[PDB]
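*Asks:* Sequence plus experimental coordinates follow:
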Amino acid sequence: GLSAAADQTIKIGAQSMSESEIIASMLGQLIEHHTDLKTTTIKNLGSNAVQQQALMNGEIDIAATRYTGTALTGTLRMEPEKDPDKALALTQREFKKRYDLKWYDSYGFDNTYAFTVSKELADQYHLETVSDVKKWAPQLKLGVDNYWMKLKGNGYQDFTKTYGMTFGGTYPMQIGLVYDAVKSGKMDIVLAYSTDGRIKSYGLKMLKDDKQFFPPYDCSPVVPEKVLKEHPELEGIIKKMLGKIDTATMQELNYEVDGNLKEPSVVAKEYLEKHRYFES
Ligand SMILES: C[N+](C)(C)C[C@H](O)CC(=O)O
């Protein structure tokens, strides 16, 4: 019954990325700061599609981190849109219309796929753009995440068709491993995620996507309208995180987990404390 709503546990989904665990924990702690609601994190969701299904079948009440470009092509099956603001607006409109899901404004950061090399290699061969490695592709070993080879739309197949290059070797691995793979020289180039905290201190260089192959990937929480109706305090709490977390900050938080060996819940807690829970 409705009088039991206050007694329910809010299930917050996290994908298998440090970023998603940090943000899921932050949102849970913020909810507990303001309400008597219990929260839990449903971790290790594999992908955008897994999160989408889990929202529609009640397995998660909030998806902590979704990315506009991924949802536009993968979930909505729409033509890609190059403009970040337009992509977000389209995604918001269609998510409400098709799924009765609220796709919130962004936290303030985007997390894009980015072809990444050591600064040493970039300096030696004057590498600035993806096209700059076209003539080198057969002599390069590329490390990628464990999903990108089969991924539709902005995956390996469409990349080869759009950029007209294939690498001498492709090596799928868990995303977290690619940073050490390129730093150590095992890979010459990797498809990194732009918010990773290791890119800066590992001395890595992200190449410009000069063909604009990759869409915008602004990050937002997504919540079913039914959940918002049953817990009317959630709207105001989620709003407190929006537009407040920039890409440099997200990278720093990711670094705390991956480079400074902190648990995502501790990273989230320390950030909330530093910023006085977003109201000083
Ligand atoms: C963040 N980004 C866009 C690099 C990868 C996506 O999260 C992949 C996914 O969510 O399925």
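*Replies:* Okay, I see it. Numbers count the residues shown, from 1 in each chain.
*Asks:* From now on I want contacts and neighbour counts done on CA atoms only, so please keep to that.
*Replies:* Will do.
*Asks:* The stretch 1-150 of the chain against the ligand: which residues are in contact?
*Replies:* Taking Cα under 6 Å from any ligand atom as the criterion, the neighbours of the ligand within the stretch 1-150 of the chain are 47, 48, 67, 111, 112, 113.
*Asks:* Which members of those are classed as buried?
*Replies:* Buried members of those, scored by 16 or more other Cα atoms under 10 Å, are 48, 67, 111, 112, 113.
*Asks:* Just the ones of the residues you listed in strands?
*Replies:* 67, 113 (DSSP state E).
*Asks:* out of the buried ones among the residues of the stretch 1-150 of the chain next to the ligand, which one sits closest to residue 152?
*Replies:* Of all these, residue 48 has the smallest distance to residue 152: 12.3 Å, by Cα to Cα.
*Asks:* Going along the chain, name the strands of this protein.
*Replies:* Counting by DSSP E, the strands of the chain are 9-15, 38-45, 62-67, 101-103, 113-118, 141-144, 169-172, 189-193, 204-206, 219-224.
*Asks:* Can you give the contact residues for the third one?
*Replies:* Read it as strand 62-67. Outside strand 62-67, the residues that touch it by Cα atoms under 8 Å, 6 or more residues apart in numbering are 10-15, 20, 23-24, 27, 48, 51, 55, 110-111, 217-224.
*Asks:* all helices for the chain, in order.
*Replies:* 18-34, 48-56, 68-70, 84-99, 119-125, 156-163, 178-183, 198-201, 225-230, 234-239, 247-258, 264-274 (DSSP state H).
*Asks:* Looking at those, which is nearest to residue 208?
*Replies:* Once these are compared by Cα to Cα, helix 119-125 is nearest, at 11.9 Å.
*Asks:* which strands and helices sit next to that closest one?
*Replies:* Applying 3 or more Cα pairs under 8 Å, 6 or more residues apart in numbering; DSSP states H and E, one finds that helix 119-125 makes contact with strand 204-206.
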